[PDB]
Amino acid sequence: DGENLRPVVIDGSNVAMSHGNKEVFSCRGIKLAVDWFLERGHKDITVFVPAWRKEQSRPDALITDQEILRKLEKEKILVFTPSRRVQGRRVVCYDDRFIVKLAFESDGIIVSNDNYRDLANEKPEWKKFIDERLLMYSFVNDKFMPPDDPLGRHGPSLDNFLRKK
């Protein structure tokens, strides 16, 4: 029973960079984050990751355990944001905008340590949404630890934070 639960939108790139080495795109972090929400009963989970991350590990952009991305895609959970090469240069659509817009329109939660304040300054309704619906986190090795107080001490509990009740 997970439609008393708010839909969950995970910043795949943020979580990947947060987990393990802070200089490595660690896809296990994405799996661990998703698994944490799955074990609680969530059924509406979307992970946004730029499409160019499917490319093999380059020295500029290191990445581990790539197979998880496609696996999560086949499981309907992960969605790739558009990206392509024009005239020898990589063009990337702002995945952060996908994250914010989807979560806002689905009336859900954003899982990220990124504040997205450029987008917040762009649209007032987005700023208010982010202020009230951003779930930050911390990684202790393979342990995914979100705070019981997402909005501080006067905010709701983590349990009630994820419910539409």
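Counting begins at 1, following the sequence as shown.
- Looking at mean Cα B-factors across 54-62 and 133-141, the upper value is held by 54-62.
- As recorded in the PDB entry, 64-72 is the stretch of 64-72 and 44-52 with the greater mean C-alpha temperature factor.
- Ranking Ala120, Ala33, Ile109, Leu102 by Cα temperature factor from the entry places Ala120 first.
- Annotation for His19: CA B-factor lies in the lowest third of the chain's modelled residues.
- Residue-level temperature factors show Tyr116 in the middle third of its chain, judged at the C-alpha atom.
- Ranked by C-alpha B-factor against the other modelled residues of its chain, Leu78 falls in the lowest third.
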